[PDB]
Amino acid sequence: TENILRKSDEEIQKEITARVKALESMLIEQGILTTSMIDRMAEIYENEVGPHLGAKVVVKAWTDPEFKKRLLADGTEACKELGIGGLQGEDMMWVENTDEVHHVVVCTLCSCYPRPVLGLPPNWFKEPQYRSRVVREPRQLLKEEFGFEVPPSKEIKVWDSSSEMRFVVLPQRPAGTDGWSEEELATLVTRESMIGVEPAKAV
């Protein structure tokens, strides 16, 4: 948004880069931070942990009613069945979209997000535009920003992750997918569908 007081993006990046390199040099000298530690964290969240993991969970719940039951009772324990779990997902609670209820998740106080199944959140989730508005005008926000029209009669439940409970949406299974394989079903499951900002993909 226009701010006549604000430096250019290029000036801001240049200043942040120097500040970060300075702090990095100090933590390196303390013996607490190394180049291989930095590279490892970046590899894990670029390539090892991300929404493909949540998609496996969703499709299992869609094709396995007993697993779905376990997943809604205790999301952490259910996801461990698939070898999925860890940091910032130690206490997952999954919530089920139905014809009667639509769920959407937010961290109004910061950016908390179910990392083991979704990886790190996209920038818009961590920014104040989405965080401020979704608890107050969720139906308008879903329409205006995501093209997603939730009819007025359907309850929208917004889950604000103020504690270490991490809420994840189980989206409803798209029509037209009867008897599809777990691999085919996965092509329909997006991070947005597990945040609750979009439904799973039609078709």
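Each residue number is its position in the shown sequence, starting from 1.
K.L.:
Comparing 179 to 187 with 11 to 19, which has the greater mean CA B-factor as deposited?
P.N.:
In the deposited entry, the stretch with the higher C-alpha B-factor mean is 179 to 187.
K.L.:
Averaging C-alpha B-factors over each stretch, which comes out higher, 61 to 69 or 32 to 40?
P.N.:
For C-alpha atoms only, the mean B-factor is higher in 61 to 69.
K.L.:
Report the option among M26, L53, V158, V150 whose CA atom has the maximum B-factor in the deposited record.
P.N.:
Max CA B-factor in the entry, restricted to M26, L53, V158, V150: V150.
K.L.:
Determine, from the deposited record, the chain-internal third of the Cα B-factor for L120: lowest, middle or highest.
P.N.:
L120: CA B-factor falls in the lowest third of its chain.
K.L.:
According to the PDB entry, is the CA B factor of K80 in the bottom, middle or top third of its chain, that is, lowest, middle or highest?
P.N.:
It belongs to the highest third of the chain when residues are ordered by C-alpha B-factor.
K.L.:
Could you tell me which third, lowest, middle or highest, the C-alpha B-factor of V101 occupies within its chain?
P.N.:
For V101, whose C-alpha B-factor we compare with every modelled residue in the chain, the answer is the highest third.
K.L.:
Lowest, middle or highest third of the chain for the C-alpha temperature factor of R136?
P.N.:
Its C-alpha B-factor, which the entry lists for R136, ranks in the lowest third among residues of this chain.
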